[PDB]
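Worksheet: one structure, shown below.
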Amino acid sequence: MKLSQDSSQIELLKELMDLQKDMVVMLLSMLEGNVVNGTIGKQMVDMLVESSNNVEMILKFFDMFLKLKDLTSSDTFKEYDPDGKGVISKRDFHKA
């Protein structure tokens, strides 16, 4: 969140994303031998319910960015000002 709230600091954000990807890969490797009622699955869901707020913020961040990617070329934003490159006064962007 702190790195997305500003620009010129995308490298640290990408590295943190890679670290989170490796962490969830480790979680998947932990779960890859589970049963429907596995003890490891119970431990992981308990860890999730202990860290509910953090994973909630992460999922909200991802939802925001995926919905932005979907909306930028959904109804009228891709042909709003088709003269040159993307030229948006950001007021119409906020309104839309």
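Counting the sequence shown from 1 gives a position; the deposited numbering is that position plus 3954. Note that beta-carbon positions come from the ideal geometry of N, C-alpha and C, so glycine has one too.
- If you draw a straight line from the Cα of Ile3994 to the Cα of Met4018, it comes to about 31 Å.
- Assigned with DSSP and collapsed to three states, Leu4020 falls in helix.
- Rounded to the nearest angstrom, the gap between the Cα atoms of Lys4021 and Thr4030 is 15 Å.
- In the three-state scheme derived from DSSP, where H, G and I count as helix and E and B as strand, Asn4008 is classed as helix.
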